[PDB]
Amino acid sequence: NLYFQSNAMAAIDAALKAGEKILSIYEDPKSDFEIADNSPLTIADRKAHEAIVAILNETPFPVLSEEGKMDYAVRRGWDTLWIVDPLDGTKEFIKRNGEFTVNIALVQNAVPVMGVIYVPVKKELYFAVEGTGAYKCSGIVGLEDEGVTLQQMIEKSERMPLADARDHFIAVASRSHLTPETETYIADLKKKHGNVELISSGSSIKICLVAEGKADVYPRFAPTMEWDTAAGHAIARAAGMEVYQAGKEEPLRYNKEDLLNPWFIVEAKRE
Ligand SMILES: [Cl-]
């Protein structure tokens with residue numbers, strides 16, 4: 001409004017702050033990645049959550065976090081809310097494969113309208129605001145001490161999708177064990193498309209790859225939680241893509257009674 005842009009900035013600020021907390025643990029030679037209350041993962045997720053809510057609690061909108069303490073009855077009346085996963089990609093983190101993410105979405109009337117994904121190891125930030133665009137900012141660790149604004153972030157970032165035409169079809173999969181349902185769909189894609197390539201990336205980067213134009217489709221026929229898709233879904237939408245409920249024409253919906261997502265497919269917005 002006069003306020004939406006400031007909320008977007010808050011999400012970016014929060015994601016970077018969380019990123020710092022996570023990376024400090026990830027990079028610490030004293031961290032014991034063989035460890036639970038005192039596991040590196042548990043501590044990082046908690047510190048990330050704390051960094052994020054320190055900012056988001058100040059905003060006018062309530063917070064639904066993966067690391068937060070609540071009943072559906074409480075949140076069912078929240079028309080606008082933050083949906084957050086402070087640290088997605090458990091295996092990426094604990095096995096030190098490096099493609100874990102911070103995920104912050106603003107959801108309004110069950111639709112993700114702003115999203116931020118930060119990839120702390122890679123210092124890659126994706127963000128989007130419905131009606132403005134989706135953007136990628138590479139090489140960012142934190143904000144300057146002075147002068148930083150959303151308008152400046154947008155100016156300095158790359159609008160998505162990023163232009164590079166290719167004549168071949170690309171699908172993206174997890175680096176973890178794929179479900180037989182996902183593998184079956186991919187097998188069918190491989191039969192349908194003569195010039196097919198598969199690529200893989202951690203966490204919600206898979207949604208980002210479609211938004212970037214680096215992949216045509218990200219099918220996930222596996223259980224995931226709202227907080228792991230919401231941010232990427234906002235980003236996808238602002239890039240001309242969509243995150244469909246697999247087998248339906250309807251996008252994934254949010255702030256549901258059950259926070260599990262159904263199967264989804266990220267692809268270009270249909271006709
Ligand atoms: Cl899968």
# chains A, B, ... in the order shown; residues from 1 in each chain; ligands from 1
call {"tool": "closest_atom_pairs", "arguments": {"of": "range 70-139 of chain A", "to": "range 211-228 of chain A", "cutoff": "7 Å", "atoms": "only C-alpha atoms", "output": "CSV"}}
result
residue,atom,partner,partner_atom,distance
A:83,CA,A:227,CA,5.4
A:84,CA,A:227,CA,5.1
A:85,CA,A:227,CA,5.3
A:88,CA,A:228,CA,6.7
A:103,CA,A:228,CA,6.7
call {"tool": "residues_around", "arguments": {"residues": "residue 241 in chain A", "least_positions_apart": "4", "cutoff": "10 Å", "atoms": "only C-alpha atoms", "output": "list in words"}}
result
residues 161, 207, 210, 211, 212, 213, 216, 217, 233, 234, 235, 236, 237, 266, 267, 268, 269 and 270 of chain A
call {"tool": "residues_near_ligand", "arguments": {"ligand": "ligand 1", "cutoff": "12 Å", "atoms": "only C-alpha atoms and all ligand atoms", "output": "list in words"}}
result
residues 172, 173, 174, 175, 176, 177, 178, 179, 180, 181, 182, 183, 184, 185, 186, 200, 202, 203, 206, 218, 219, 220, 221, 222, 223, 224, 263, 264 and 265 of chain A
call {"tool": "write_last_selection", "arguments": {"atoms": "N, CA, C and O atoms", "output": "mmCIF file, in the first residue's frame"}}
result
data_model
loop_
_atom_site.group_PDB
_atom_site.id
_atom_site.type_symbol
_atom_site.label_atom_id
_atom_site.label_comp_id
_atom_site.auth_asym_id
_atom_site.auth_seq_id
_atom_site.Cartn_x
_atom_site.Cartn_y
_atom_site.Cartn_z
ATOM 1 N N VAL A 172 13.312 -31.059 -13.013
ATOM 2 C CA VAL A 172 14.191 -31.043 -11.836
ATOM 3 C C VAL A 172 13.620 -31.934 -10.734
ATOM 4 O O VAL A 172 12.415 -31.983 -10.505
ATOM 5 N N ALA A 173 14.523 -32.653 -10.080
ATOM 6 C CA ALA A 173 14.233 -33.576 -8.990
ATOM 7 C C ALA A 173 15.078 -33.303 -7.778
ATOM 8 O O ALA A 173 16.106 -32.647 -7.832
ATOM 9 N N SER A 174 14.611 -33.825 -6.648
ATOM 10 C CA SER A 174 15.375 -33.774 -5.414
ATOM 11 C C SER A 174 16.711 -34.537 -5.551
ATOM 12 O O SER A 174 16.876 -35.387 -6.425
ATOM 13 N N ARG A 175 17.642 -34.225 -4.650
ATOM 14 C CA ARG A 175 18.900 -34.983 -4.565
ATOM 15 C C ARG A 175 18.772 -36.123 -3.578
ATOM 16 O O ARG A 175 19.676 -36.963 -3.496
ATOM 17 N N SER A 176 17.666 -36.152 -2.840
ATOM 18 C CA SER A 176 17.316 -37.219 -1.893
ATOM 19 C C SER A 176 16.540 -38.305 -2.655
ATOM 20 O O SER A 176 16.247 -38.165 -3.843
ATOM 21 N N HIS A 177 16.223 -39.401 -1.985
ATOM 22 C CA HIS A 177 15.412 -40.487 -2.547
ATOM 23 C C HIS A 177 14.103 -39.920 -3.098
ATOM 24 O O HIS A 177 13.409 -39.205 -2.363
ATOM 25 N N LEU A 178 13.780 -40.236 -4.339
ATOM 26 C CA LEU A 178 12.538 -39.808 -4.971
ATOM 27 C C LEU A 178 11.475 -40.851 -4.651
ATOM 28 O O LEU A 178 11.778 -42.034 -4.523
ATOM 29 N N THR A 179 10.233 -40.423 -4.557
ATOM 30 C CA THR A 179 9.147 -41.387 -4.362
ATOM 31 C C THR A 179 8.880 -42.139 -5.676
ATOM 32 O O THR A 179 9.165 -41.634 -6.756
ATOM 33 N N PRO A 180 8.272 -43.335 -5.590
ATOM 34 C CA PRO A 180 7.926 -44.049 -6.821
ATOM 35 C C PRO A 180 6.886 -43.307 -7.641
ATOM 36 O O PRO A 180 6.856 -43.476 -8.852
ATOM 37 N N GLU A 181 6.101 -42.459 -6.983
ATOM 38 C CA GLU A 181 5.064 -41.670 -7.667
ATOM 39 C C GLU A 181 5.721 -40.589 -8.514
ATOM 40 O O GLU A 181 5.442 -40.450 -9.713
ATOM 41 N N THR A 182 6.680 -39.897 -7.925
ATOM 42 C CA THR A 182 7.445 -38.900 -8.676
ATOM 43 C C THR A 182 8.238 -39.567 -9.806
ATOM 44 O O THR A 182 8.221 -39.099 -10.952
ATOM 45 N N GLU A 183 8.891 -40.686 -9.514
ATOM 46 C CA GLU A 183 9.706 -41.365 -10.518
ATOM 47 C C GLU A 183 8.843 -41.816 -11.698
ATOM 48 O O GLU A 183 9.258 -41.780 -12.851
ATOM 49 N N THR A 184 7.617 -42.244 -11.401
ATOM 50 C CA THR A 184 6.695 -42.676 -12.449
ATOM 51 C C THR A 184 6.344 -41.503 -13.381
ATOM 52 O O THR A 184 6.318 -41.660 -14.598
ATOM 53 N N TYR A 185 6.062 -40.349 -12.803
ATOM 54 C CA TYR A 185 5.752 -39.154 -13.583
ATOM 55 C C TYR A 185 6.973 -38.754 -14.430
ATOM 56 O O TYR A 185 6.854 -38.509 -15.620
ATOM 57 N N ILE A 186 8.138 -38.757 -13.807
ATOM 58 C CA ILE A 186 9.378 -38.419 -14.563
ATOM 59 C C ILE A 186 9.631 -39.404 -15.718
ATOM 60 O O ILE A 186 10.018 -38.996 -16.840
ATOM 61 N N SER A 200 19.060 -31.583 -10.687
ATOM 62 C CA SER A 200 18.626 -31.729 -9.299
ATOM 63 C C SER A 200 19.219 -30.635 -8.447
ATOM 64 O O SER A 200 20.318 -30.145 -8.722
ATOM 65 N N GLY A 202 18.736 -28.828 -4.149
ATOM 66 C CA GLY A 202 18.165 -28.942 -2.834
ATOM 67 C C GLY A 202 16.951 -28.036 -2.585
ATOM 68 O O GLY A 202 16.855 -26.929 -3.121
ATOM 69 N N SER A 203 16.059 -28.532 -1.724
ATOM 70 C CA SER A 203 15.046 -27.687 -1.063
ATOM 71 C C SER A 203 14.213 -26.945 -2.116
ATOM 72 O O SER A 203 13.925 -27.450 -3.215
ATOM 73 N N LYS A 206 14.453 -25.842 -6.152
ATOM 74 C CA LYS A 206 13.786 -26.529 -7.281
ATOM 75 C C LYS A 206 12.636 -25.707 -7.853
ATOM 76 O O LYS A 206 12.411 -25.700 -9.061
ATOM 77 N N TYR A 218 8.928 -28.927 -12.332
ATOM 78 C CA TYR A 218 9.318 -29.514 -11.059
ATOM 79 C C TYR A 218 8.094 -30.233 -10.486
ATOM 80 O O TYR A 218 7.227 -29.572 -9.898
ATOM 81 N N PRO A 219 8.010 -31.548 -10.705
ATOM 82 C CA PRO A 219 6.892 -32.320 -10.149
ATOM 83 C C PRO A 219 7.304 -32.878 -8.810
ATOM 84 O O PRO A 219 8.429 -33.396 -8.667
ATOM 85 N N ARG A 220 6.447 -32.788 -7.813
ATOM 86 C CA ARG A 220 6.769 -33.352 -6.503
ATOM 87 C C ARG A 220 5.552 -34.134 -6.016
ATOM 88 O O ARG A 220 4.599 -33.568 -5.474
ATOM 89 N N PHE A 221 5.586 -35.445 -6.251
ATOM 90 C CA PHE A 221 4.489 -36.344 -5.856
ATOM 91 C C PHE A 221 4.884 -37.036 -4.558
ATOM 92 O O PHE A 221 5.130 -38.254 -4.496
ATOM 93 N N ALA A 222 4.963 -36.194 -3.529
ATOM 94 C CA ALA A 222 5.490 -36.551 -2.230
ATOM 95 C C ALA A 222 4.888 -35.549 -1.256
ATOM 96 O O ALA A 222 4.587 -34.431 -1.650
ATOM 97 N N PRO A 223 4.765 -35.922 0.011
ATOM 98 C CA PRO A 223 4.270 -35.006 1.016
ATOM 99 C C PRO A 223 5.279 -33.876 1.315
ATOM 100 O O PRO A 223 6.478 -34.123 1.471
ATOM 101 N N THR A 224 4.786 -32.640 1.304
ATOM 102 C CA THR A 224 5.579 -31.463 1.710
ATOM 103 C C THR A 224 4.642 -30.601 2.540
ATOM 104 O O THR A 224 3.456 -30.833 2.545
ATOM 105 N N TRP A 263 0.239 -33.394 -3.660
ATOM 106 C CA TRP A 263 1.175 -33.416 -4.760
ATOM 107 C C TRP A 263 1.086 -32.111 -5.535
ATOM 108 O O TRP A 263 -0.016 -31.598 -5.733
ATOM 109 N N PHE A 264 2.230 -31.611 -6.001
ATOM 110 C CA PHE A 264 2.235 -30.393 -6.826
ATOM 111 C C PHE A 264 3.154 -30.512 -8.032
ATOM 112 O O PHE A 264 4.004 -31.405 -8.093
ATOM 113 N N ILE A 265 2.956 -29.584 -8.964
ATOM 114 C CA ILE A 265 3.752 -29.457 -10.184
ATOM 115 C C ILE A 265 3.987 -27.975 -10.455
ATOM 116 O O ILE A 265 3.019 -27.201 -10.590
#
call {"tool": "atom_distance", "arguments": {"atom1": "CA of residue 98 in chain A", "atom2": "CA of residue 25 in chain A"}}
result
12.6 Å
call {"tool": "select_by_dssp", "arguments": {"residues": "range 26-100 of chain A", "states": "strand (DSSP E or B)", "output": "tab-separated table (two decimals) with N, CA and C atoms, in the first residue's frame"}}
result
chain	number	residue	atom	x	y	z
A	63	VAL	N	2.33	-14.86	12.36
A	63	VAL	CA	3.37	-15.74	11.84
A	63	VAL	C	3.07	-17.20	12.11
A	64	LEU	N	3.07	-17.98	11.04
A	64	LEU	CA	2.96	-19.42	11.09
A	64	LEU	C	4.31	-19.96	10.67
A	65	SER	N	5.09	-20.42	11.66
A	65	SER	CA	6.47	-20.90	11.43
A	65	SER	C	6.58	-22.37	11.69
A	80	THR	N	-4.52	-12.69	6.32
A	80	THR	CA	-3.16	-12.41	5.86
A	80	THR	C	-2.20	-12.86	6.94
A	81	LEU	N	-1.21	-13.65	6.54
A	81	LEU	CA	-0.26	-14.23	7.49
A	81	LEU	C	1.06	-14.52	6.82
A	82	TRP	N	2.11	-14.57	7.63
A	82	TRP	CA	3.40	-15.06	7.19
A	82	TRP	C	3.42	-16.57	7.36
A	83	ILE	N	3.95	-17.27	6.36
A	83	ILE	CA	4.17	-18.71	6.43
A	83	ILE	C	5.66	-18.95	6.18
A	84	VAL	N	6.32	-19.52	7.19
A	84	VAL	CA	7.79	-19.52	7.28
A	84	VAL	C	8.38	-20.89	7.56
A	85	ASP	N	9.43	-21.25	6.83
A	85	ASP	CA	10.32	-22.33	7.25
A	85	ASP	C	11.71	-21.74	7.40
A	86	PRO	N	12.16	-21.59	8.64
A	86	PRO	CA	13.47	-20.95	8.85
A	86	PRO	C	14.65	-21.71	8.24
A	87	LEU	N	14.51	-23.02	8.06
A	87	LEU	CA	15.61	-23.84	7.56
A	87	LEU	C	15.01	-25.10	6.94
A	88	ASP	N	14.80	-25.04	5.63
A	88	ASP	CA	14.33	-26.21	4.87
A	88	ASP	C	15.52	-26.94	4.25
call {"tool": "closest_atom_pairs", "arguments": {"of": "range 30-141 of chain A", "to": "range 8-14 of chain A", "cutoff": "7 Å", "atoms": "only C-alpha atoms", "output": "Markdown table"}}
result
| residue | atom | partner | partner_atom | distance |
| --- | --- | --- | --- | --- |
| A:51 | CA | A:14 | CA | 6.5 |
| A:52 | CA | A:14 | CA | 4.6 |
| A:55 | CA | A:14 | CA | 6.1 |
| A:56 | CA | A:10 | CA | 6.8 |
| A:104 | CA | A:11 | CA | 6.3 |
| A:114 | CA | A:8 | CA | 6.8 |
| A:116 | CA | A:12 | CA | 6.2 |
call {"tool": "closest_residue", "arguments": {"among": "A:107, A:154, A:23, A:137", "to": "residue 253 in chain A", "atoms": "only C-alpha atoms"}}
result
A:107
call {"tool": "closest_residue", "arguments": {"among": "A:79, A:124, A:197, A:20", "to": "residue 170 in chain A", "atoms": "only C-alpha atoms"}}
result
A:197
call {"tool": "closest_residue", "arguments": {"among": "A:120, A:40, A:89, A:68", "to": "residue 15 in chain A", "atoms": "only C-alpha atoms"}}
result
A:120
call {"tool": "atom_distance", "arguments": {"atom1": "CA of residue 167 in chain A", "atom2": "CA of residue 130 in chain A"}}
result
29.2 Å
call {"tool": "select_by_dssp", "arguments": {"residues": "range 89-219 of chain A", "states": "helix (DSSP H, G or I)", "output": "MDAnalysis selection string"}}
result
chainID A and resid 90:94 150:156 180:192 205:212
call {"tool": "atom_distance", "arguments": {"atom1": "CA of residue 105 in chain A", "atom2": "CA of residue 271 in chain A"}}
result
25.7 Å
